[PDB]
Amino acid sequence: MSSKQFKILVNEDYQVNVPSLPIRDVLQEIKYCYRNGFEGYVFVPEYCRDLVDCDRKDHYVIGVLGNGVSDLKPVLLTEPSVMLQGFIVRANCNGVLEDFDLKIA
């Protein structure tokens with residue numbers, strides 16, 4: 001009752017240059033996405049985090065933290081947490097579908 005399931009395109013193949021945002025705007029964007037879904041976003045697993053580049057490495061993207069029901073939290077591309085599952089980023093590339101159980105940190 002306290003999380004939501006989403007079908008998100010998973011990118012394991014393509015280098016993507018993605019936008020990043022000030023922390024206040026990523027918090028708002030996480031809230032928007034939790035309510036409205038992740039159209040226009042892909043999930044990049046942490047095991048292929050090298051696929052992601054941003055021009056503003058001082059700003060944030062959507063992080064997926066924890067196994068099972070994961071928390072959505074603003075992260076930097078440096079994020080070294082061992083619970084980092086991946087990033088949810090704006091991108092247009094191909095991929096495969098996976099289900100995610102997410103809630104707002």
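Residues numbered from 1 in each chain as written, not as in the entry; some residues may be left out. Heavy atoms only, no water.

As named in the PDB entry, the protein is nsp1 protein, taken from Transmissible gastroenteritis virus. The title given for this PDB entry is "The full length of TGEV nsp1".

**A look at helix α1 (residues 23–36)**
Inclusion rule: Secondary structure elements follow DSSP: runs of H or I no shorter than four residues count as helices, runs of E no shorter than two count as strands, and numbering proceeds from the N terminus. What a helix is expected to span follows from its residue count: subtract one and scale by 1.5 Å. In this scheme, a residue with accessible area under 20% of its type's maximum is buried, one over 50% is exposed, and one in between is partly exposed, where area comes from a 1.4 Å probe on protein chains only. This arc is built from the directions going out from the helix axis to the C-beta atoms. By the convention used here, residues are in contact when the closest approach between their heavy atoms is within 4.5 Å.
With 14 residues, α1 should cover 20 Å at 1.5 Å per step; its first-to-last C-alpha distance of 20 Å lies within 8% of that length. Every buried residue of α1 is listed here: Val26, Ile30, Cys33 and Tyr34. Seen end-on, α1 carries its buried residues on one side only, within an arc spanning 100°. Opposite the packed face of α1, turned more than 90 degrees from it, sit the exposed residues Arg24 and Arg35. Contact partners of the buried residues in α1: β1 (4–10), β3 (41–45), β5 (61–65), β6 (69–75) and β8 (96–104). One or two positions beyond α1, positive phi appears at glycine 37, with a value near 105°.

**Topic: the pairing of β1**
So the rule is basically this: A strand pair is defined by DSSP finding two or more bridges across the two strands.
Bridge count between β1 and β8: seven bridges; the pairing is antiparallel. Looking at β8, one finds that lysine 7 is bridged to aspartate 99. Of the pairings in the sheet, the one linking β1 to β3 comprises two bridges and is parallel in character. Across the sheet, the residue bridging to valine 10 is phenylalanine 43, located in β3.

**Observations regarding the sheet that holds β5**
To keep things clear, this is the line we draw: Angles run from 0 to 180 degrees between N-to-C directions of axes, and those axes are lines fitted to C-alpha atoms, restricted for helices to the stretch in contact.
Taken in spatial order, the six strands close into a barrel running β1-β3-β7-β5-β6-β8, and their pairing is mixed. Neighbouring strand axes in the sheet, compared pairwise and without regard to direction, differ in orientation by 50° on average. Sheet topology places β5 next to β6; five bridges connect them, and they run antiparallel. Note that in β6 the partner of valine 61 across the bridge is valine 75. Where α1 meets the sheet, its contacts fall on β1, β3, β5, β6 and β8, and the angle it forms with β6 comes to roughly 150°.

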